[PDB]
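Enquirer:
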Amino acid sequence: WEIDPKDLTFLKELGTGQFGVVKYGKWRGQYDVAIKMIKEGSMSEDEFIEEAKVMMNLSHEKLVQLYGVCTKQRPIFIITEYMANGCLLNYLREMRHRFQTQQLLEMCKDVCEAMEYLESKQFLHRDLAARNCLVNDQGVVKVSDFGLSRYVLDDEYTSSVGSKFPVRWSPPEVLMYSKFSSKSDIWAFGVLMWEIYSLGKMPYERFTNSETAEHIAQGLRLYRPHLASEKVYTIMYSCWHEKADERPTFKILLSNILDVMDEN
Ligand SMILES: Cn1nc(-c2cccc(NC(=O)c3ccc(C(C)(C)C)cc3)c2CO)cc(Nc2ccc(C(=O)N3CCOCC3)cn2)c1=O
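Note that the sequence shown covers residues 395 to 658 in PDB author numbering.
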């Protein structure tokens, strides 16, 4: 839905992302929001504006909500839910020594719930990773920027040999054929579980992107992080079946994670 830009108050810079500058502010003085100012030439704006209603209607506690847009002016604005603790990857690394294993599992559950919801709506994230999860003031993890990778205009991001392509979160059928599906979000979720349980380590560190693609194509997988139990690793490992149809759904994954919680 179209937000009235007069209802927005810009308060602080939040840095830069794939679409340029993002600011912290408020909507009608009360609601904290992030406001993306879409760098001209960085986004396929027709495609995005054409297909944006569906994305505004995705509503779930564990999604970083898309409140609406401003399109009557340039640059266009995307206004989203504000998350005080920022992105999950930096949160993991900064709070690395505080987490108890049950909290790690709870973060995975947060994301899995969001992804079960997207799955049920046949909506793909396409770039699930700890950097594209955000954390609010109570430590709840939410999935952010789902589906926007489809509108990126940047050859370094959209080409699987580009320097910005999420190679380390991609299954073989994406790296070889660009076959995105629910099962490629599944693969990425397993890697995200690995990010959480490794407390923010980089997957395949010291491997290049091409070396990563080569070595996952040959069946090699991320090691079990120290803080992951056998059961937890079995869950993240099931996301990495070479053949996409052997990977679980997010409904099954959620059940697996709940089962682990019951047992503890
Ligand atoms: C919604 N939102 N968005 C951002 C934020 C800010 C800048 C850039 C971005 N990223 C993006 O816009 C973005 C991300 C991914 C994509 C693709 C297409 C999927 C690849 C496209 C655009 C984002 C995420 O959308 C930061 C938030 N929040 C914070 C909060 C605090 C801090 C922070 O500085 N700290 C330091 C002090 O304490 C910890 C938090 C940073 N970001 C926030 O709530």
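Don't be surprised by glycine CBs; every beta carbon is placed ideally from N, CA and C.
Which residue's Cα is closest to the Cα of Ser543: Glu605, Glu475 and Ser554?
Expert: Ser554
Enquirer: Going by Cα to Cα distance, which pick from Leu569, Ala428 and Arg422 is closest to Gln612?
Expert: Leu569
Enquirer: In this structure, what does DSSP give as the bridge partners for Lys536?
Expert: Looking at the DSSP assignment, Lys536 forms a beta bridge with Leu528.
Enquirer: Would you grab the beta carbon distance between residue 686 and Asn530 for me? Rounded to a whole angstrom, and I think it's under 8 Å.
Expert: As displayed, the chain neither begins before 395 nor continues past 658, which places residue 686 out of reach and without an answer.
Enquirer: Take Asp401 as the anchor and find which of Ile429, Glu407, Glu500 and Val415 has the nearest alpha-carbon.
Expert: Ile429
Enquirer: Following a CB-centred definition, is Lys430 positioned closer than 6 Å to any heavy atom of ligand 1?
Expert: Checking every heavy atom of ligand 1 against the Cβ of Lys430, one is found closer than 6 Å.
Enquirer: Which residues does DSSP list as the beta-bridge partners of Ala428?
Expert: Paired residue(s): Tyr418 and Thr474.
Enquirer: Can you tell which of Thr403, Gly423, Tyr545 and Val427 has the C-alpha that lies nearest to the C-alpha of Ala446?
Expert: For the residues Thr403, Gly423, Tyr545 and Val427, the minimum Cα distance to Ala446 belongs to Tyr545.
Enquirer: So, under 8 Å CB-CB, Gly584 and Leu528 are touching, yes? Tell me the CB distance rounded to an integer number of Å.
Expert: Between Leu528 and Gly584 the Cβ distance is about 20 Å, and since that is not below 8 Å, they are no contact.
Enquirer: Which residues in the same chain as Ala508 place their Cβ atom closer than 7 Å to its Cβ, once the five residues preceding and following it in sequence are excluded?
Expert: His454, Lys456, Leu457, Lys536 and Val537
Enquirer: Less than 7 Å separating the beta-carbons of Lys406 and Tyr418?
Expert: yes
Enquirer: Identify the residues that DSSP records as bridge partners of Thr410: which are they?
Expert: Its beta-bridge partners are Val415.
Enquirer: I think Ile470 touches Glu513, with their Cβ atoms under 8 Å apart; what is that distance to the nearest whole Å?
Expert: In fact, because the Cβ distance is near 28 Å, the residues do not count as touching under 8 Å.
Enquirer: Does the separation of the CB atoms of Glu550 and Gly556 fall below 7 Å?
Expert: yes
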